[PDB]
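A structural walkthrough
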Amino acid sequence: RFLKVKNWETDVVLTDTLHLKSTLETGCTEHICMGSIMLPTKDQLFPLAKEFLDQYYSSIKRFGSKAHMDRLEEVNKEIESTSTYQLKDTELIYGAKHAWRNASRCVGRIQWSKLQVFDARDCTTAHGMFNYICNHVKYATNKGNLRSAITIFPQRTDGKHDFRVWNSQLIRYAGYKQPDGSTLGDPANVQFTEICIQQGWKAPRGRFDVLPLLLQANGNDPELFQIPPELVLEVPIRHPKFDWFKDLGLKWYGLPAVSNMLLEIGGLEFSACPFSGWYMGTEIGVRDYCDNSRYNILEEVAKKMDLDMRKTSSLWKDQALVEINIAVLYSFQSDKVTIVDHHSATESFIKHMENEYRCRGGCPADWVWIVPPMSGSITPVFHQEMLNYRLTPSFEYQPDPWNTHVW
Amino acid sequence: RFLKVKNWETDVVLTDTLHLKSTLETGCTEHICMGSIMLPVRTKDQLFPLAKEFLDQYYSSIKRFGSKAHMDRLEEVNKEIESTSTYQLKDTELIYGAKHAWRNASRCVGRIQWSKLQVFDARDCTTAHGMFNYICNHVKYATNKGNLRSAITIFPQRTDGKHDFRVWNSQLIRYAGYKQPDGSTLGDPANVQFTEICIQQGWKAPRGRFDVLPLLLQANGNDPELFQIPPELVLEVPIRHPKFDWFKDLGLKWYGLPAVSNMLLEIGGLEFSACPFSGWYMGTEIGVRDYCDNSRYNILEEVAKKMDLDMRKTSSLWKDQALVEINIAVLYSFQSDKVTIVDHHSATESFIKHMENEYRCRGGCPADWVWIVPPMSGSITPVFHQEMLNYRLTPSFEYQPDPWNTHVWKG
Ligand code: HEM
Ligand code: HEM
Ligand SMILES: C[C@H](O)[C@H](O)[C@H]1CNc2nc(N)[nH]c(=O)c2N1
Ligand SMILES: C[C@H](O)[C@H](O)[C@H]1CNc2nc(N)[nH]c(=O)c2N1
Ligand SMILES: N=C(C=O)NCCC[C@H](N)C(=O)O
Ligand SMILES: N=C(C=O)NCCC[C@H](N)C(=O)O
Ligand SMILES: [Zn+2]
C-alpha cells in the first residue's frame with residue numbers, strides 16, 4: 001500500500017503514496033499485465049464534483065473553510081437543479097493544469113504549471129471554434145518561441161450537442177492512397193483526408209499538405225476551414241554535414257497540437273480541448289519519419305549514405321536513424337523553433353519525478369511511453385522504475401467522431 | 001475469456017486464451033500497473049495440486065492424457081509426496097519442464113529456440129567439486145568452439161531449504177569489479193560486491209579490467225567453495241571496429257557465453273535453486289548495456305572523444321552516434337571470430353514470428369514489453385509496435401535472493 005520505485009542506475013528509491021488516491025482503472029489485474037496495450041447521471045456526478053473541489057480547495061490551502069463548504073453547497077444545488085454545473089475560471093485553469101500534471105504518458109510534464117488556458121466555453125458555432133483555434137495556434141507558435149496552451153470548448157451536455165475537432169492534431173499532413181498502390185503523404189491520415197475530401201476539401205494531392213480543420217459545434221455536422229497558411233510555421237529539414245539531405249525534400253511543422261482527446265474535470269467532460277507544447281525531436285525523426293507505416297524514409301536515407309544495406313547486422317538502419325534525428329534537431333534549432341532532444345527531456349522528467357515524489361507523494365508514469373523510441377537505455381528514464389495509475393483531472397481517449405456522428 | 005493484442009505497424013490482431021491457464025500473480029492490480037518494476041519450505045498441502053497440474057500438462061503434450069500411464073504416474077507421485085513429502089521427476093518430465101520454463105520466460109526475446117535446449121541432469125551431484133565438474137562440461141559443450149548451443153545444467157532440488165544447491169555467481173562467466181580507494185571502479189561495477197566476497201573467501205585477484213571471476217559453489221547447504229574455470233574453456237572476443245582502427249586500442253573484449261546462474265527453476269512445485277542456463281548473446285546486451293550503461297563499463301565518453309564528435313551539446317546526439325559504432329563493433333567482432341551472436345533486428349523479427357506461431361498453436365505467448373524491446377533503436381524493431389500480454393505460467397524461471405544474504409555460515 002506504500003510503494004517503492006528504484007532507479008537502477010543511481011540506487012535512489014522513492015516512496016509512492018499518491019497512488020492510493022487513484023480512481024480510474026488500468027486494464028491490468030493480478031493475473032495479467034496490460035502495460036503495453038495502447039487503449040486498455042446526477043448520482044454519478046456529485047461525488048466527482050466533490051472529489052475535485054476538495055482537491056482544489058486543499059491546493060489553495062482553504063480545505064474545510066466556509067468558501068470550500070459554500071462552493072460544494074452551490075455546485076450541489078446546481079447539479080440537483082440543472083443536472084450539471086459550471087466551473088469557475090480558477091477551477092477550470094486548475095483542472096487543466098492538473099490534467100497535464102496527471103498525464104502519465106507525457107515526458108514533458110516538468111512544465112505542467114506554465115500552461116496558458118484559453119476559456120472558449122462561450123463558443124457556439126464552428127466559425128467561432130475556427131477563430132479560437134487560429135488564436136491558439138498563433139499564441140502558442142509565438143514566432144518559434146513556443147508557449148504551452150490549451151483551448152477549452154463547451155462541456156458535453158446530453159451528448160447530442162458535443163463539440164469536437166475531428167482532426168487528430170490541429171496541424172497534420174494529408175495522406176492519399178494511390179492507383180499506384182503506394183501512399184502519398186502521411187499514411188496515418190488517409191482516412192481523415194478522405195473524410196475532408198468527401199465533405200468538400202480540394203486536396204492539392206502533394207506529400208506535405210496541411211489538412212483543413214473539420215470542426216463540429218454543438219452536435220452539428222462538422223464544417224471545413226483552412227488555417228491561415230501564414231500561421232502554420234514549418235521547418236525545412238537539412239543536415240549539418242550531409243549536403244544532400246535537403247534534396248529529400250522533407251519538412252515538418254513546429255506545433256504539436258493534439259486535438260482529439262477528452263478533458264475530464266470534476267466529472268465534467270470537455271470533448272474539444274486541443275492542447276499544444278513543443279516537440280521532442282524523436283517524435284518527428286524516429287516516429288513520423290521512420291515508422292514503416294508513416295513516412296518510412298529509412299531506406300532512402302540509407303542509400304544516400306551508401307551504407308551496407310545487405311545485412312541487418314551492419315546496423316545501417318540504426319546509423320540512418322541517428323542522422324535523421326540529428327537533422328531534425330539541427331533544422332529546428334537553426335530556424336529558432338523550440339525543440340527538445342530526448343536526453344534533455346528525459347533528464348528533465350527525472351528531475352520532475354523527484355519534485356513530484358517530494359511534493360505530492362508520487363508521479364504516475366507509463367514507462368512504455370516515457371522511454372524514447374531510440375537510444376532507450378542511454379536515457380535515464382530507462383533505468384527508472386515507474387508506477388502507472390490514473391488520477392483525475394485527466395486527458396482521456398475518445399472514439400473518433402465519424403463512427404459516432406449522426407449526420 | 002478472449003484477449004486481443006494488435007500490432008500497430010501491420011494491424012495483425014491476435015487472440016489470447018492461454019492467459020486463462022495462468023495462476024501466479026503479476027504485481028499489478030486494477031488500480032496500479034507495475035509493468036516496469038524490476039522485481040515486483042513447501043507443504044504436501046500445496047505440492048500435490050502443483051504436481052498434478054504439471055503432469056496433466058506433460059501427459060497432454062505427449063498425447064497420453066488420461067492414459068493408464070498418466071494415471072499410474074499421478075498415483076505414484078501422490079504416494080511419493082505424502083510418504084517422503086516431496087518427489088522425483090522422471091528424466092523426460094525434467095527435460096519437458098526445463099524447456100517449458102524457457103518457453104514461458106516472458107522477458108526472453110530468444111524463445112523461438114525454446115525446443116532446442118540441451119538438458120544436463122546433474123541431480124546425482126553431491127559436492128561442490130562435483131558442481132564444478134558439471135559446470136565445466138556445460139561451458140565446454142555450450143561454447144562448442146564458437147558455434148554456441150543452448151544448455152541448462154540442473155542440480156538437486158530444494159528439500160528442507162537447509163540443503164540448497166546454489167551457484168553464487170550471477171552468470172557462470174563474468175568479469176571482476178574492484179572499487180578503488182579514490183572511489184573509481186576497475187573492471188565491472190556490477191560485480192563489485194561479488195568480487196569482494198570472492199577475495200574474502202581466498203581468491204587472489206589479478207586486479208585488471210577483465211578478470212574472469214572464480215566460481216563460488218554451494219552444495220547441499222554447505223559453505224560455498226571457490227574454483228577457477230579452466231582459462232582454455234573461457235572463449236573471449238577482442239572488440240575491434242570494421243572501419244575505426246583505433247577501436248581495438250580501447251582494450252575492450254567480452255566473453256562468448258552468456259550463462260545466467262542465479263535463477264530458480266520451478267517445475268511441478270519442485271524448486272531447482274541451481275539451474276545455470278546459456279544461449280548466445282544479442283549484440284545489444286554487450287554493446288548497449290554492458291559497455292554503455294553509466295553503472296557498467298561506461299565507455300561512451302572515451303569512444304565519442306576518439307570519434308571527435310561535438311560533445312558540448314547533447315542535441316548533437318554524440319551519445320547516440322557513439323552507441324551505434326560500439327554496437328557495430330561488437331557484432332563485427334563476434335562474426336569475425338565465428339562466435340554466435342544475433343543483432344537486435346534479426347532477433348526481434350524472429351521473436352515476432354515466434355509469437356504469432358505461439359498464438360496459433362498454443363493460444364498465447366506471455367511477453368514483457370519492457371524487457372523484449374531492445375535498449376537502442378526501439379521503434380525501428382517490430383516488437384516496439386507489438387502489443388503484448390504479460391502473465392505467469394509454470395514451469396518457470398524465478399528470481400531468488402542472493403545467497404550471501406540468506407546463507408547460514410558453517411565456518
Ligand atoms: C511542453 C512540451 C511538451 C513535451 C516536450 C511533451 C512531451 C510528450 C511526448 C514526447 C509525448 C508522447 C507523444 C507520442 O508518442 O505521440 C507526450 C504525450 C502527451 N502529452 Fe505531452 N509534452 C509537452 C506538452 C504537453 C501539454 C501542454 C499537454 C497538455 C496540456 C500534454 C499532455 C500530453 C498527453 C495527454 C500525452 C499523451 C497523448 C496520447 O496518449 O497520445 N503534453 N508528451
Ligand atoms: C538462444 C539464445 C538466446 C537469446 C538470443 C536470448 C535473448 C535474451 C535476452 C536478450 C534477454 C535479456 C537479458 C538482459 O537484459 O539481461 C533474455 C532474458 C532471458 N532469457 Fe533468453 N535468450 C536466449 C536463450 C535462453 C535460454 C537458453 C534460456 C533458459 C533456458 C533463456 C531464458 C531467459 C530468461 C529467464 C531471461 C530473463 C533474465 C532475467 O530476468 O534476468 N534464454 N534472453
Ligand atoms: C504496442 C506499444 O504499446 C505501442 O507501440 C507504443 C509503445 N510506446 C509508445 N511510446 C510513445 N511515446 N508513443 C507511442 O505511440 C508508443 N507506442
Ligand atoms: C526500471 C526498468 O524496469 C529496468 O531498467 C529494465 C528496463 N528494461 C530492461 N530490459 C532488459 N532486457 N533488461 C533489463 O535489464 C531491463 N531493465
Ligand atoms: N510534444 C507533443 C505534446 O504536445 N506531442 C504530442 C503528439 C505529437 C506526435 N507525437 C507527433 O509526432 O506529431
Ligand atoms: N542471451 C542471454 C541468455 O542466454 N542473455 C542472458 C543475460 C546476459 C546479460 N545481458 C549480459 O550482458 O551479460
Ligand atoms: Zn500492468
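**Side note on the overall build of chain A**
Within chain A, the regular secondary structure consists of 11 helices and 16 strands. Its C-alpha atoms give chain A a radius of gyration of 23 Å, within 12% of the compact-globule value 22 Å for 407 residues. Its C-alpha atoms put chain A at 70 × 60 × 45 Å along the principal axes. Across the 407 residues in chain A, those meeting the buried criterion constitute 56%. Looking at chain A as shown, the accessible area adds up to about 17600 Å², and 50% of this sits on carbon and sulfur atoms. Taking the average place of the 45 positive charges on the side chains of chain A and the average place of its 49 negative ones, the gap between the two points comes to 4 Å.

**Considering the pairing of strand 8 (residues 213–216) of chain A**
All names here are of chain A. Side chains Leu-213 and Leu-215 of strand 8 all project onto a buried face; the interleaved residues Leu-214 and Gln-216 project onto the opposite face, where all are buried too. Two strands pair when backbone bridges link them, and strand 5 (residues 164–165) and strand 8 are joined in this way by 2 bridges, in the antiparallel orientation. The partner of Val-165 across the bridge, within strand 8, is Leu-215. In terms of strand pairing, strand 8 meets strand 9 (residues 223–225) through 3 bridges, oriented antiparallel. Residue pairing for strand 9: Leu-213 is matched across the bridge by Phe-225. What sits between the antiparallel neighbours strand 8 and strand 9 is a turn of 6 residues, in which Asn-218 has the positive phi angle 60°.

**Remarks on the domain arrangement of chain B**
Interface size is commonly expressed as the accessible surface area that is lost when the partners come together. All names here are of chain B. Parsing chain B into structural domains produces domain 1 (16–123 + 150–160 + 264–278 + 348–372), domain 2 (124–149 + 164–235 + 399–403) and domain 3 (236–258 + 281–346). Placing a centre on the C-alpha atoms of domain 1 and another on those of domain 2 gives a separation of 27 Å. Contact with domain 1, which involves 22 residues of that partner, is made by 17 residues of domain 2. Each partner contributes to the roughly 1600 Å² buried at the junction of domain 1 and domain 2, and carbon and sulfur atoms together form 59% of this total. Our count for the contact surface shared by domain 1 and domain 2 stands at 1 salt bridge. Measuring nitrogen to oxygen at the nearest pair gives 3.0 Å for the salt bridge that ties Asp-164 to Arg-158. At the level of secondary structure, the elements contributing two or more residues to the side of domain 1 that touches domain 2 comprise strand 3 (118–121), strand 4 (151–154) and strand 15 (277–278). Taken together, the residues that form the side of domain 1 that touches domain 2 break down as 13 nonpolar, 5 polar and 4 charged.

**Section: the site of ligand 6**
All names here are of chain B. Close to ligand 6 lie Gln-171, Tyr-255, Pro-258, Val-260, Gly-279, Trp-280, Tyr-281, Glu-285 and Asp-290, which account for all nearby residues. Contact between ligand 6 and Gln-171: an oxygen atom at 2.7 Å from a side-chain N or O atom of the residue. At 3.4 Å from an oxygen atom of ligand 6 is found a side-chain nitrogen or oxygen belonging to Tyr-255. When isolated, ligand 6 has an accessible area of 370 Å², and the protein chains bury 75% of it. Considering only residue class, the shell around ligand 6 consists of 5 nonpolar, 2 polar and 2 charged.

**Examining a nonpolar patch on the surface**
Taken together, the side chains of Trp-8 of chain A together with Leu-39, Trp-371 and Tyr-399 of chain B make up a nonpolar region of the molecular surface, amounting to roughly 420 Å² of accessible area. Along the chain, the position of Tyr-399 of chain B falls in the loop between strand 18 (396–398) and helix 11 (403–406). The exposure class assigned to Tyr-399 of chain B is partly exposed, which follows from its relative accessible area of 42%.

**Some remarks on empty space enclosed by the protein**
Reported here for the largest cavity is a volume of approximately 90 Å³. Of the residues belonging to the lining of the largest cavity, the class tally is 12 nonpolar, 2 polar and no charged.

**Observations regarding the domain arrangement of chain A**
Residue and element names in this part refer to chain A. For chain A, the assigned domains read domain 1 (16–121 + 148–158 + 262–276 + 346–370), domain 2 (122–147 + 162–233 + 397–401) and domain 3 (234–256 + 279–344). For domain 1 versus domain 2, the distance between C-alpha centres works out to 27 Å. Taken together, the 22 residues of domain 1 in the interface contact 17 residues of domain 2. For the domain 1 and domain 2 pair, buried surface summed over both sides reaches about 1600 Å², with 59% attributable to carbon and sulfur atoms. Contact with domain 2 buries surface across domain 1, with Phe-153, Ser-271 and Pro-274 losing the most and accounting together for 26% of the total. On the surface where domain 1 and domain 2 come into contact, there are 1 salt bridge. Our enumeration of links across domain 1 and domain 2 arrives at 10 residue pairs in polar contact.

**Here's the deal with the environment of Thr-92 of chain B**
Residue and element names in this part refer to chain B. As for its placement among the helices and strands, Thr-92 is situated in helix 3 (residues 91–103). In this structure, the C-alpha to C-alpha distance between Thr-92 and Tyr-58, residues 34 residues apart in sequence, is 9.3 Å. Side chain to side chain, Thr-92 and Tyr-58 meet in a polar contact 3.2 Å long.

**Comments concerning the site of ligand 3**
Around ligand 3, the neighbouring residues are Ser-36, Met-38, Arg-287, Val-368 and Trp-369 of chain A together with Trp-369, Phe-384, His-385, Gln-386 and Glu-387 of chain B. Neighbouring residues of ligand 3 are not confined to one chain but are distributed across chains A and B. Here a nitrogen atom of ligand 3 sits 3.0 Å away from a polar atom, N or O, in the main chain of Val-368 of chain A. In this structure, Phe-384 of chain B approaches ligand 3 through a main-chain N or O atom, which is 2.7 Å from an oxygen atom. For ligand 3, whose unbound accessible area comes to 400 Å², protein coverage reaches 86%. Grouping the constituent residues of the shell around ligand 3 by class yields 5 nonpolar, 3 polar and 2 charged.

**Remarks on the interface of chain A and chain B**
Listed per partner, the contact involves 64 residues of chain A and 63 residues of chain B. When chain A packs against chain B, the two sides together hide about 5300 Å² of surface, and 60% of this comes from carbon and sulfur. Inspection of the region where chain A meets chain B yields 0 salt bridges. Linking chain A to chain B there are 32 residue pairs in polar contact. Breaking the side of chain A that touches chain B down by element, the ones donating at least two residues are strand 1 (3–6), helix 6 (281–290), helix 8 (316–334), helix 9 (342–360) and helix 10 (367–370) of chain A. Take the side of chain A that touches chain B: its biggest share by element is 10 residues, from helix 8 of chain A.

**Things to note about the packing of aromatic side chains**
Enumeration according to the criterion identifies 43 aromatic pairs over all chains in this entry. Seen from their ring centres, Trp-168 of chain B and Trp-409 of chain B are 5.6 Å apart, and the 75° between their planes marks the pair as edge-to-face. Taken together, the residues span a long stretch of sequence, with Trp-168 of chain B in the loop between strand 5 (166–167) and strand 6 (177–179) and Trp-409 of chain B in the segment after helix 11 at a distance of 241 residues. Put simply, the rings of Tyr-173, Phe-208, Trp-252, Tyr-253, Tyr-279, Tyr-289 and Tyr-295 of chain A touch in pairs and so form one group of aromatic residues. Between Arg-147 of chain A and the ring centre of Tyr-139 of chain A, over which it is positioned, the NZ or CZ distance is 3.8 Å.

**Some points on the coordination of the iron atom of ligand 1**
The protein supplies the iron atom of ligand 1 with one donor atom, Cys-106 of chain A (SG), which lies at 2.4 Å. Relative to the assigned elements, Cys-106 of chain A resides in the loop between helix 3 (89–101) and strand 3 (116–119).

**Let's talk about the side chain of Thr-141 of chain A**
Residue and element names in this part refer to chain A. Tracing the chain through its elements places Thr-141 in helix 4 (residues 126–141). There is a polar contact of 2.8 Å between the side chain of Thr-141 and the backbone oxygen of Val-137. For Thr-141, the residues in contact, after removing those within four places along its chain, are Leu-146, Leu-231, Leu-233 and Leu-255.

Conventions we followed
- Residues numbered from 1 in each chain as written, not as in the entry; some residues may be left out.
- Chains lettered and ligands numbered in written order.
- Heavy atoms only, no water.
- Helix = DSSP H or I, 4+ residues; strand = E, 2+ residues; numbered from the N terminus.
- Rg over C-alpha atoms; globule rule 2.2 N^0.38 Å.
- Buried < 20%, exposed > 50% of the residue type's maximum accessible area, 1.4 Å probe, protein only.
- Areas by Shrake-Rupley, 256 points an atom, 1.4 Å probe, with all protein chains shown as cover.
- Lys, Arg positive; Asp, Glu negative; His and termini not counted.
- Charge placed at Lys NZ, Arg CZ, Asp CG, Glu CD.
- Pairing = 2+ DSSP bridges.
- Domains from an automatic or database assignment.
- Contact = heavy atoms within 4.5 Å.
- Buried area = accessible area lost by both parts, 1.4 Å probe.
- Salt bridge = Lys/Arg side-chain N within 4 Å of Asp/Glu carboxyl O.
- Nonpolar A, V, L, I, M, F, W, Y, C, P; charged D, E, K, R; others polar.
- Near = heavy atom within 4 Å.
- Polar contact = N/O pair within 3.5 Å; in protein donor to acceptor, adjacent residues only side chain to side chain.
- Patch = residues over 30% accessible without salt bridge, like charges linked within 9 Å, V, L, I, M, F, W, Y side chains within 5 Å.
- 1 Å grid on protein atoms, 1.4 Å probe; cavity = no way out; pocket = protein on both sides within 12 Å on 5 of 7 lines; lining within 4 Å.
- Points joined across faces, edges and corners; volume = space filled by probe spheres on them.
- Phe/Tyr/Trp six-rings, centres within 6.5 Å; stacked < 30°, edge-to-face > 60°.
- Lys NZ or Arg CZ within 6 Å of the ring centre and 35° of its normal.
- Donors = N, O, S within 2.8 Å, 3.2 Å for Na, K, Ca; no water.

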